[PDB]
Amino acid sequence: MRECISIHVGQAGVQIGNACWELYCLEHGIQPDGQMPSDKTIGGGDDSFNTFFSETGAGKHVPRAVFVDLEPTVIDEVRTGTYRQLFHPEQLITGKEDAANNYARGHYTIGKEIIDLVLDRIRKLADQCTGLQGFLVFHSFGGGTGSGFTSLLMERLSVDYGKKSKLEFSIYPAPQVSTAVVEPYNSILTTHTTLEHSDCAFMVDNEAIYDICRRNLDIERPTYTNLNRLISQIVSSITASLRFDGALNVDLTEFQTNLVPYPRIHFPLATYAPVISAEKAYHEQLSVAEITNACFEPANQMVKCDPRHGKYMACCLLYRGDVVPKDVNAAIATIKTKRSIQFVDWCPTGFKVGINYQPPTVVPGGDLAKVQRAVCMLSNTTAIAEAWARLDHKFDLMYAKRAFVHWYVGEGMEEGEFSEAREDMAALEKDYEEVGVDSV
Amino acid sequence: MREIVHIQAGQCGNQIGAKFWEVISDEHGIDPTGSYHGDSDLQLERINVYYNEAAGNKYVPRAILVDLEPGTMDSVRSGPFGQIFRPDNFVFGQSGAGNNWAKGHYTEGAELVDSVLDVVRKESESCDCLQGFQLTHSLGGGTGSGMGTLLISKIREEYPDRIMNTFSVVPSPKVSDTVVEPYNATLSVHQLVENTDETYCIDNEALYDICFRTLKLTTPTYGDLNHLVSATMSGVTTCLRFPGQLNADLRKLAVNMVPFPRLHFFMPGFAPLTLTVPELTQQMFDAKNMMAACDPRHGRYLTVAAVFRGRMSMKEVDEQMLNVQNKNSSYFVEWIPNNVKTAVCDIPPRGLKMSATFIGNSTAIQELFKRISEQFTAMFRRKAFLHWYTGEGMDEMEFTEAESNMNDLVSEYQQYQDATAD
Amino acid sequence: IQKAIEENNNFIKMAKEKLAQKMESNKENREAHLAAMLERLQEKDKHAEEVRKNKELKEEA
Ligand SMILES: Nc1nc2c(ncn2[C@@H]2O[C@H](COP(=O)(O)OP(=O)(O)OP(=O)(O)O)[C@@H](O)[C@H]2O)c(=O)[nH]1
Ligand SMILES: Nc1nc2c(ncn2[C@@H]2O[C@H](COP(=O)(O)OP(=O)(O)OP(=O)(O)O)[C@@H](O)[C@H]2O)c(=O)[nH]1
Ligand SMILES: [Ca+2]
Ligand SMILES: [Ca+2]
Ligand SMILES: [Mg+2]
Ligand SMILES: [Mg+2]
């Protein structure tokens with residue numbers, strides 16, 4: 001027990017789920033048919049990997065996951081693909097008509113038709129948990145399903161499961177892979193609506209990932225497949241503390257205590273290293289000091305922003321592989337003398353560290369080098385509000401002319417929901433400003 | 001999957017309609033008997049958007065052929081692929097229309113519409129999930145313009161939440177001398193602004209000017225004009241017909257292209273008109289490659305869709321699309337960020353290694369509507385030929401109201417042209 | 001502990017109620033927009049009847 005249930009919503013959520021679950025299977029030695037020869041307890045167990053996988057009496061290790069999309073073509077590829085045996089068909093839920101990049105349709109017109117079924121299927125996963133810890137909700141900000149349906153689902157999950165924890169992996173839109181002009185609208189609407197219903201959200205800026213794939217991996221024009229493989233590695237690093245055990249392991253919840261100083265200030269910045277091609281990893285072993293210093297290089301962040309111009313409220317380092325505390329501490333002491341790391345005055349400055357000894361895995365035929373040690377930094381920095389600012393600005397440009405607003409009104413929404421959502425975002429931006437002001 | 005129901009009404013609509021089905025039947029590997037003999041599974045992944053799968057693995061266009069003139073049915077069955085259409089889906093009058101919109105909209109067309117709706121319903125109710133309708137037709141004639149807009153309103157009454165798309169051919173004296181065509185066009189536009197979600201403005205003025213000045217065709221035939229049309233329709237439906245990420249259905253395209261419900265009149269373009277990616281891109285944004293007789297550098301882009309087809313570098317396409325926007329910054333409204341979206345489909349059209357299709361929602365489209373309005377008013381100025389219309393019962397103000405709505409459209413296009421971000 | 005129970009419950013309650021209010025007003029709003037569109041189309045159908053009738057009477061000449 002301490003089970004975690006994963007909910008993958010919309011195209012981006014589903015396809016990132018494909019990548020995470022394939023990667024988890026490889027990290028745990030689970031086969032595409034769900035068999036895990038190393039698991040000697042058949043049909044059950046209390047092992048660390050059971051937080052994410054249930055077990056059938058026939059030895060199948062089944063993701064504690066629901067996939068949901070308002071059209072079927074993306075989940076159809078899960079149903080017929082390499083890991084289709086991994087999922088009971090009820091875990092994969094589709095309608096026939098998507099949200100057409102419209103929050104209104106995902107939250108109201110189309111989403112209301114399938115929400116009760118989705119909740120029923122989540123319930124069946126929860127009923128086989130002995131100590132459910134919470135949910136992990138994967139979705140795009142920009143799609144009509146990822147925004148609207150996710151928001152509806154999170155509201156309904158607060159009601160059905162109280163203040164049981166809900167963490168998000170949210171895909172922040174980038175023009176290089178963007179599919180709709182109205183993504184700023186959907187982003188602000190869903191951010192406003194879910195803000196009370198999420199305990200912790202990890203934003204993944206597609207432009208940050210796009211740039212990393214281009215600079216660090218010599219991918220000329222990254223695809224969703226390139227982006228998702230890299231995303232799944234960061235996700236894997238964040239969830240590793242839940243799926244593995246070890247003396248130096250530190251639970252994600254314990255990082256969460258440090259990362260969230262006020263309920264609304266719950267958006268950690270993730271930085272991941274090393275992202276290196278096989279070509280360049282050959283004969284180059286990257287030390288603890290090297291991958292740690294890389295965590296304070298803004299080009300390695302999952303969200304474009306400049307923490308050197310903001311203030312820190314928490315710094316967490318999640319190592320995996322061949323890493324021991326001595327080397328971490330020496331690296332950290334070096335960085336503290338070299339780098340622009342200023343904490344707000346109301347917080348302690350010590351970095352919080354976890355180490356999982358199982359080294360990173362890579363999917364065959366991938367772009368990333370297999371390395372001996374990797375690190376994900378979770379920091380709570382005021383600088384992440386820059387991502388809100390950029391997206392609020394785009395919203396303001398369109399909304400001043402009510403560009404495209406008629407598509408939302410036609411599905412039942414009111415202008416008041418746009419202004420209320422936007423005012424919440426403005427308050428969020430000042431919240432991030434206020435927490436950075438020195439005490440008196 | 002996401003079925004589109006196709007309607008072709010009148011001579012122009014039926015005639016470009018057959019060319020459309022010929023072109024995409026070839027792209028999707030379907031021969032005149034309805035059988036598939038293609039090379040890529042990617043041809044069939046989304047075939048059901050436009051085709052029904054009848055047993056014997058025969059594929060049948062989800063198309064409905066309409067005209068008050070019975071002759072055009074025969075010529076449709078006569079042309080290549082005439083065997084493929086569903087015989088029941090031929091819905092014919094006998095008396096024709098004589099370039100009288102009122103006859104198409106209120107009298108002879110209204111007598112025949114119910115029989116068309118019966119065919120629409122039958123096709124619609126057999127759809128797993130209907131997405132909407134596309135109509136091919138002219139605005140200058142009497143059936144396509146008048147009955148076509150009547151069918152739009154009647155279909156909307158009963159699929160009010162489905163997308164209504166049109167390929168509307170705009171009249172030009174350079175191609176047709178019929179003097180009432182500005183009345184018929186203006187009466188049609190008065191309907192399209194209220195009842196369609198997205199209209200491709202296929203402008204005969206521009207098709208003529210392309211054939212004469214660029215293709216160097218001294219006497220362009222309707223087959224010369226329609227070769228440009230067929231290439232355009234193939235292009236602007238690539239995203240509906242092949243596995244794709246962007247504008248993959250009619251509603252998502254409308255959501256990306258229509259910032260205000262009335263301003264849904266699109267300027268299509270094509271390149272090459274008969275090669276490197278910088279040259280494709282530059283050409284497809286050139287005034288000479290637009291299928292609407294408008295200069296984009298006389299207005300500003302609210303939204304744009306660009307679709308590239310063929311084997312090429314997505315890196316280069318991305319760099320060139322960024323390049324053209326940055327160098328032409330003034331012609332893209334600053335208050336709609338990232339308003340240009342690009343798709344790349346691997347399968348080129350037939351006869352080409354590489355092609356680009358442009359869809360512009362530009363405020364320059366007012367130039368077209370102003371031209372129709374100039375021709376309209378010159379005849380309404382002197383109430384010329386109105387008796388043809390009041391003879392069917394029409395009142396003289398319906399002309400006044402259609403004139404007024406269309407000029408309102410132009411002025412709304414001007415308002416957003418003049419808007420600024422700050 | 002009673003205060004903890006009460007605040008979790010109040011949170012559950014107000015979330016359930018807020019969503020119910022919003023789902024209802026969206027249903028009403030969407031329905032009224034569809035109803036308005038259909039009423040306008042229907043007004044077209046009368047105007048068409050009135051035009052055909054107006055022609056019945058020019059034929060009585
Ligand atoms: N990282 C990543 N981003 C994606 C992926 N697929 C789509 N996106 C992003 O998600 C946004 C579009 O929303 P989608 O998730 O595709 O749409 P949806 O959730 O299916 O909702 P609908 O509008 O109903 O289709 C864009 O901003 C894309 O950049 C993916 O596979 N990986
Ligand atoms: N581009 C193009 N335009 C056409 C074609 N055929 C007719 N037109 C144009 O359409 C206008 C007249 O409309 P038509 O479609 O021919 O007539 P109709 O819609 O059948 O209506 P009625 O003739 O009154 O029954 C003229 O301005 C022509 O220039 C065609 O094949 N291609
Ligand atoms: Ca076990
Ligand atoms: Ca230009
Ligand atoms: Mg989708
Ligand atoms: Mg005719």
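Counting starts at 1 for both ligands and their atoms, following the listed order. Proteins get letters first, then strands, A, B, ... in listed order; numbering begins at 1 in each. Computed over heavy atoms, backbone and side chain alike; hydrogens, waters and symmetry mates excluded.
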4.0 Å heavy-atom contact, B:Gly96 with ligand 2: no

Atoms in ligand 2 flagged as close to B:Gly144, the criterion being non-hydrogen separation under 4.0 Å: 19 (O)

Ligand 2 contact by B:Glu181, heavy-atom criterion under 4.0 angstrom: yes

B:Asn184 side chain to B:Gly141 backbone, donor-acceptor under 3.5 Å: yes

Close side-chain approach of B:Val119 and B:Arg86, heavy atoms under 4.5 Å: no

Closest A:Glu55 atom to the Ca ion (ligand 3) [N, O or S only]: OE2

Proximity flag B:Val175 to ligand 2, non-hydrogen atoms under 4.0 Å: yes

Whether A:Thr41 has an N, O or S atom under 3.0 Å from the Ca ion (ligand 3): yes

Per-residue contact class, B:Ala97 against ligand 2 - non-hydrogen pairs under 4.0 Å: both

Within 6.0 angstrom of B:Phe92 CZ, more than 12 heavy atoms from elsewhere: no

Side chain, backbone, both or neither: B:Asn99 near ligand 2, heavy atoms under 4.0 Å: both

Ligand 2 versus B:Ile202: contacting region, heavy-atom distance under 4.0 Å: neither

Ring-face cation of B:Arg77 near B:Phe90 (centre distance under 6.0 Å, axis angle within 45°): yes

Residues forming a salt bridge (charged side-chain N to carboxylate O under 4.0 Å, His left out) with B:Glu157, sequence neighbours excluded: B:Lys154

Within reach of ligand 2, part of B:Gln11 (heavy-atom separation under 4.0 Å): both

